[PDB]
């Protein structure tokens, strides 16, 4: 389990509220405020989910072998409604659960501002919005298209050797779509307001 995690008293799930002004809080706050400096942060919580982390690290080791190099991982944003937060904290991201123009997967934004739209981070009855900071195994990617259920093949002559993810634009990506469980680890939950 990672260094920066705090002790869980032999439990396998904890949401840990970060201390404002310490290094970890400042790093995550800066990634958000790059594009969302007009929003008010109520809190940032570290997601310590041992089972999700295990399953994700296994996928990461496998993708590092398959792709014959590292650099398979990116930090991305995911806005969601308050009713989905408990599910994501416990079970992560489920493609089976908005527009799906680049395929039937889970969508992650490069910019917090994109995930901050009310259609994604729906304001709850008290006006609070929720956005995850997500470790995503984007790996080797191609342009997506409507109706994909998995990424395309890297060569139609080996139809089972797939891209790891798809994007809106391969030269200047602003979103990524992954199509498999455990390709995304929800690392921080930001609670914020307009």
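Note that the rigid core is defined as the largest set of C-alphas that superpose within 1.5 Å between two forms. Positions refer to the first chain, counted from 1.
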query: Divergent stretch in 9 other deposited structures of this protein, 177 to 185 or 19 to 27 [C-alpha RMS, superposed by the core]; finding: 19 to 27
query: Higher-deviation stretch (C-alpha RMS, rigid core fit) in 9 other deposited structures of this protein, choosing from 100 to 108 and 81 to 89; finding: 100 to 108
query: Entry-level comparison of average CA B-factors, 22 to 30 and 132 to 140, reporting the higher stretch; finding: 22 to 30
query: Mean C-alpha B-factor comparison - 70 to 78 and 106 to 114, higher one; finding: 70 to 78
query: Options 59, 43, 157, 145 - largest CA temperature factor per the record; finding: 157
query: Residue 16 by Cα B-factor - lowest, middle or highest third of the modelled chain; finding: middle
query: Where the record places residue 161 (Cα B-factor, split into thirds across the chain); finding: highest
query: Chain-wide C-alpha B factor ranking for residue 123, given as lowest, middle or highest third; finding: highest
query: Third of chain Cα B-factors occupied by residue 192; finding: middle
query: Chain-relative CA temperature factor third for residue 85; finding: middle
